Amino acid sequence: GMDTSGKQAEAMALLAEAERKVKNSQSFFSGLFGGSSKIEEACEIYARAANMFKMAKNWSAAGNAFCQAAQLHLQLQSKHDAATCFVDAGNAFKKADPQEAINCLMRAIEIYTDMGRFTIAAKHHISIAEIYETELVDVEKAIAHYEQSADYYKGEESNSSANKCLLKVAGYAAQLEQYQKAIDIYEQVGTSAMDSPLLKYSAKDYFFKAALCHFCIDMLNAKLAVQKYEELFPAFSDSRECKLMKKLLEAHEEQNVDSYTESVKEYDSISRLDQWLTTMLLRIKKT
Amino acid sequence: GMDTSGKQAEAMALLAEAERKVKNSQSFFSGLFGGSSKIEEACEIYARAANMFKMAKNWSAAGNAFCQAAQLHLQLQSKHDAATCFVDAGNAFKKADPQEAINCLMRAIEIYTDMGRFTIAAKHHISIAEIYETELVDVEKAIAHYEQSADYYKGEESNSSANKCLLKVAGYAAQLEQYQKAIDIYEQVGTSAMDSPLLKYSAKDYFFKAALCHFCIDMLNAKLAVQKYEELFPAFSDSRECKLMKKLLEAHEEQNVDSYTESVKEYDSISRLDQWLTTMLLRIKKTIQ
Amino acid sequence: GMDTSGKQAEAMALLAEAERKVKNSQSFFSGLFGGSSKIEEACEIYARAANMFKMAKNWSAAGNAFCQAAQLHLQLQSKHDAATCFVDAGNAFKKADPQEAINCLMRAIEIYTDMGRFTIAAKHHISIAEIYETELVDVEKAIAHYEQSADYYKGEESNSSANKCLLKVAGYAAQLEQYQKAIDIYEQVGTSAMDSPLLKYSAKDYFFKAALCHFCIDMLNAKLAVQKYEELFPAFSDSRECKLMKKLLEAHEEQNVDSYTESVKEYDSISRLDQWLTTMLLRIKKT
Amino acid sequence: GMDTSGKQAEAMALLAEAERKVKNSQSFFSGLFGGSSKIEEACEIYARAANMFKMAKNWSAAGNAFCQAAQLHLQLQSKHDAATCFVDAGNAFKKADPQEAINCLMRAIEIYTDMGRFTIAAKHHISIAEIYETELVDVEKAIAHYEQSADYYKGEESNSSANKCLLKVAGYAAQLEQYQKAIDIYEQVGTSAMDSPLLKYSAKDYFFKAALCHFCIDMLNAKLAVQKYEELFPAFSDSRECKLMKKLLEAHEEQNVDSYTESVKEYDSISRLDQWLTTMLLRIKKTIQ
Amino acid sequence: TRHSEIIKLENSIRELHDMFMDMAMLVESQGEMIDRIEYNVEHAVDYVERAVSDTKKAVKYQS
Amino acid sequence: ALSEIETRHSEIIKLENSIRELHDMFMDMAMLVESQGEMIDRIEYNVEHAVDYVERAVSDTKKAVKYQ
Amino acid sequence: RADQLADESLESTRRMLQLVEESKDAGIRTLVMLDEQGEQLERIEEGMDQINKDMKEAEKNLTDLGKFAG
Amino acid sequence: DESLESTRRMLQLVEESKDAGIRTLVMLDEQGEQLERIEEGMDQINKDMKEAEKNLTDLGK
């Protein structure tokens, strides 16, 4: 609330009487040693003070209070509550300053891995990867996080999530021009999708992308690769992707720019392209 | 109805028992000790009677009983049960008399936001806004409630609900409020959707609405806005919305009623029109001079 | 096979030990006052015995055991568990003999409404209506249950659920040569579907039906109804239904039965009808 | 990687710790008689070692530890946790040893159905059949497991899952088993969808399949069944499959392989095959003489 | 050329029809799962509330 | 032949309309089901957390009873 | 050659009309259906959050009571 | 000539609808996948809570 800052000042005072509580821990708990529940309610006031900080839109203060509550509560007991508090602090830190969110999420990841909870761990790994992508520029750390999350997913037969994460990783690697990994992924996912009827309509796109990656490295082997794909799937040639690839590769034998330029323009006239394909074509067809 | 007649008879009997229980509560608060359990039993019978009232079609009696039970229960250092009973009273009051439903829902919102559950608070905020718009003839409080619900949604990362809330509030404000906010929210939602593959090939309509909002105030700013849109979004130039606006502005510049009227009549041939766009076109046409 | 035979054998054994349990437990309660744990244990024995009867493919005895457990448990001053047992007995009795299923489901509905939960009560009402409709011919009880369920759904602001029941009731009422209820429901639902951003397409459909049933009385009233609906729904004339109805009216005006039948047959050829519409059209053609 | 080797080293250390803990646990039960904590802490050690070991990328010993901990937990009269650990061990063994996974999952299924949970048992039966048929080449046991799962689903009016299982069973039977069961199941599933809220028009394919099986039996049965379905289900009359079947039957009647071959070729060109109808048609052509 | 493009349209419309035939059953099965999970959660909430309340009153009042 | 081409013109108009209805229809589908997906994700997370919390709750309560 | 023109045109119009209307009505029924699952998910979310609150408060108060007893 | 450009528009709309319906299928599939996990978790919690509360109540006697 825009006018809830008087009680957020009172909530700084609430964290202050939590400070009085730690003062009790310093001196008064000698006679109140059985007041472990008192420490618990101290953490409780911590949490609700942080909560109204969140309500007051003070992201830094809310995250600081969350981290303090997590640290106080993680007295070698109730580790789940500490992990929840840490992830709450990370979510609060997502906006404004997200760096410390990274470390708190790492701590929650470690706690869950020790406990044995994997889907949440991989989801937080994806969260840190995406916050790296959208806020920072590091991609290799994002690649490692995606690899680890996909490994966790595939450990429990979570095939689709790992497949999508690996597809994103392959796209990034192709953007990062590591074509062996990209082709291996694009074609493992394509051959896996073609296995079941529910996704047999998607394999063509993966095959076409894999073909481009292959055509990127070795022209002479591109014909053999596309022939292998065609024979593997009889209904791959009929798709416009295979015909367009054949046109491009057969026109590339002779140095006529007009042929492939008009081919790509004609294809674009039916539907708009995306940045990845256009950039890949612009880079590759230069030579 | 014999069924309803006996139902109301037993409801009156339970009301008499509730009177007995409230006098018991007063005696245990002033005459005895430990009445907390006795008044909790009173609350239990009150809830039974109120739910039976709701089954009995006596919405007003059910809501009154629920509100009384809630306010009596508030004294036992408990809040969530109070929140549930208050929301139940508001739901009962939704039909018939919803005014007190508004206030009880405000109380429930206050309790929930004090506790911490944002999403339920936002859901109740949008419920309040929708009931207010459907049954109360006033929009500014609706435009306000939509804004808090949008703030709650976007603050908790729930993007889709916030986006729809912003779109609805901006569209409603455009009709009766200044168009700068309409422009701002429409542009924001369109830009956010452009990257997202969900609404990317439907954001053209939002751009069209923003272009109309620009067109209403002045010509030159509308031309600049549409040029900026087609520059940022190349696939907007080919859109049916861009040719429409270009011919419309060409007609408006020359001050010819027939061309604009026949053009809009033609474009109608594709599908038809909507309650907002027709009024929009009429309003902008009326000031051709 | 052998699994079922065994299950039945040890289930008869368990019923023997269960009757021994109830007898010896009441004896022990009288002679020693051991509390109420033994009654609960007998209840769980009844529950597991009924479950293994169900596994043994003997629904009548399984439902009997479920009812006995429910009555003993509610005798133990507990309802929710008793209500669950009653609904389980009703489900078991659904097949084979559903007559007592009706009464037990009514008892479950009664206890649910006494507690005050409505959605489950409406669900059970519609289930009983379906039982009456499928297994019996007393359509009046089905109408009563359907309208009660519609009342419950509408009172709880579940408009979508109420509309289905209202349409069912309107169709059934139109079947039994009563058209006031059918006309009212059809027109009300058509009006309520006017401003639906989704359902608007079908707003016409319901309207059409009403006119047909409204034509069962006379001609001029049907003409007034169609024109009024057309003014209310300006686009209604776009569809063919209005053209077909005008053809019917004009043909019937001048005793042109042949054109009436030929137009009906042509509309059937382009789009075939159902039993309801065919019967209504032939009944109309009778005069 | 350091992480792997360290995980395996600490896993061996903690497995030895668990073994000595259980032996000292047996000693202490008589020596001090502390109750049964000793065993439960041993089981916790076993579970932690197993989970962190399956994080070590090694599966077989992880599942073995899971099974051992589950057994040492079930010997303390605790069943549901032991059954969940059995299921986890089966999942781990899925990629290590199919037989052990199958045995553990059968144990879990029997204990679950003893508890009284049918849906979980049916899901486990379906998983058993899927793993059995995907890697081990055999059907009849898979057919029995699918039938059991369908029966369990029908026991709790789970119509959709039972329908899908019966459809798969009938397809398998038609491919290999005799056609009476396939005919019955296909006809029943096709006729149980005439009032489908969303599948009011998909049953035609099922009907066609049934007809194909009838034509697998004899031409006379083929025509009689085609007629029966024609009158019983009017819509199938206007279906393309009906015309195709009529053409194929009339061609096969006069013993002109060219007509049958051209009919199937044009049908496939118009619409792609499915790899199941093609084999059936080839078998039919093989008996043209 | 018209024949080729109309054959392409024939293809595309057939795949669209088949795709809807695919979506329908999946959606219906999802709904069937939803109903059962809803029933089970309602049972669980009712049992939890009543059991905890009754046990708490019984173990609080005897003192 | 003139009537044939006129009927085909009517058919193409109808086809445009129907493809003008199905496209917007599918977009409505997409948005609504995406909202459903987000909300199922949220509820699943909350359910799993509740499961863990109640499991540890019973563990601690039974240990405390054992202390008695 | 007008015979083949007319035959193909009739076939095309019939198939386009039937497939278009069928796909329409199909998607239509899906539209009508989705809202039920939407509201079911809403109700279950309400119920589960109620469960979570109730159980959490119960257990925390019960730990407090146990500490008081000891 | 108008027929040909209308055909182009039909191709564009049809291919767009197909390319979006495919991912609709995909996301429907993940929703279905999530349903089983959430249901299993719900059943497990119910089973544990029932056993726990009943055992504690029995011990209370």
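Throughout, residue numbers begin from 1 within each chain and advance along the sequence as written. They need not agree with those in the entry, and any residue without coordinates is left out. Each chain gets a letter, beginning with A, and each ligand a number, beginning with 1, in the order they are written. What is shown is a subset of a larger assembly, and the numbers refer only to that subset. Side-chain measures were taken over the full set of non-hydrogen atoms in the model, leaving aside hydrogen atoms and water.

Per the deposited record, determination of this structure is attributed to cryo-EM, with the resolution reported as 4.23 Å.

K.L.:
For the overall build of chain A, give the residues involved together with the corresponding values.
P.N.:
Per the convention used, a helix needs a DSSP run of H or I reaching at least four residues, while a strand needs a run of E reaching at least two, with both numbered from the N terminus. On a plain count of helices and strands, chain A comes out with 14 helices and zero strands. Listing every helix and strand of chain A by position from the N terminus yields α-α-α-α-α-α-α-α-α-α-α-α-α-α. The C-alpha atoms of chain A give 27 Å as radius of gyration, which overshoots the globular expectation for 287 residues (19 Å, by more than 25%). Seen through its principal axes, chain A has C-alpha atoms that stretch 90 × 40 × 30 Å. Looking at chain A as a whole, 42% of its 287 residues are labelled buried. By definition in these notes, contact holds between two residues if any of their heavy atoms fall within 4.5 Å. The long-range share in chain A, meaning contacts at least 24 apart out of those at least 6 apart in sequence, stands at 49%. Here, Shrake-Rupley sampling with a 1.4 Å probe gives the accessible areas, and only protein chains in the shown set may cover a residue. When the accessible surface of chain A is split by element, carbon and sulfur atoms take 57% of a total near 15600 Å². The convention is simple: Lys and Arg are positive, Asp and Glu are negative, and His and the chain ends are not counted. Positions of charges follow a simple convention, taking NZ of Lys, CZ of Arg, CG of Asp or CD of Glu. One way to put it: in chain A the 33 positive side-chain charges average out to a point 4 Å from where the 40 negative ones average out. As defined in this context, the radius of gyration uses C-alpha atoms, and a globule is described by 2.2 Å times the residue total to the power 0.38. Any residue under 20% of the maximum accessible area for its type is buried, any over 50% is exposed, and the rest in between are partly exposed; the area is computed with a 1.4 Å probe on protein chains only.

K.L.:
Before we move on, can you summarise the side chain of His145(A) with the specific residues and values?
P.N.:
Residues and elements named next belong to chain A. The residue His145 is located in helix α7 (residues 140-155) in this model. By relative accessible area, which is 11% here, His145 ends up buried. Setting aside its immediate chain neighbours within four residues, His145 contacts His125, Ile128, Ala129 and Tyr132.

K.L.:
Let's hear about the pattern of salt bridges: which residues, and what values?
P.N.:
All names here are of chain C. The salt bridge criterion pairs a side-chain nitrogen of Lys or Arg with a carboxyl oxygen of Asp or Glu, the two atoms within 4 Å. Taken as a whole and judged by the stated rule, the model has 47 salt bridges over all chains. For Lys54, the salt bridge is made with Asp88, and the minimal N-O distance between the two is 3.3 Å. Here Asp88 lies in helix α4 (residues 80-94) and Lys54 lies in helix α2 (residues 37-55), a separation of 34 residues in the sequence. For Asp88, a relative accessible area of 23% puts it in the partly exposed group. Its salt-bridge partner being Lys204, residue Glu241 comes within 3.8 Å of it at the nearest N-O pair. With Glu241 in helix α12 (residues 240-253) and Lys204 in helix α10 (residues 200-214), this pair connects stretches of sequence that are 37 residues apart. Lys204 carries the same exposure label as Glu241, and that label is buried.

K.L.:
Please provide a residue-by-residue account of the arrangement of the chains, values included.
P.N.:
Inter-chain contacts occur across 23 pairs of chains; the most extensive set of contacts lies between chains F and G. With no contact formed, the shortest span from any C-alpha in chain A to any C-alpha in chain C equals 28 Å. The two units chain G and chain H never meet; even their closest C-alpha atoms stay 10 Å apart.

K.L.:
Tell me about the interface of chain G and chain F, and please be specific about residues and values.
P.N.:
Between chain G and chain F, the contact holds 25 residues from the first and 23 residues from the second. Accessible area that two parts lose when put together, evaluated with a 1.4 Å probe and summed over both, is termed the buried area. For the pair chain G and chain F, the two sides together bury roughly 2200 Å², of which 74% comes from carbon and sulfur. Among the residues of chain G in contact with chain F, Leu31(G), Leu34(G) and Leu41(G) are the three that bury the most area, contributing 24% of the side total. Our count for the chain G to chain F interface comes out at one salt bridge. We note a salt bridge from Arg42(F) to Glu45(G), for which the minimum N-O separation is 2.6 Å. Contacts described as polar in this section are N or O atom pairs within 3.5 Å, which, within protein, must combine one atom able to donate a hydrogen with one able to accept it, while residues neighboring in sequence count only if both atoms come from side chains. Run the count over chain G and chain F and you get four residue pairs in polar contact.

K.L.:
Break down the interface of chain B and chain G for me, with residues and values.
P.N.:
Taken residue by residue, the interface counts four residues in chain B and five residues in chain G. When chain B packs against chain G, the two sides together hide about 460 Å² of surface, and 54% of this comes from carbon and sulfur. At the boundary of chain B with chain G, the tally comes to zero salt bridges.

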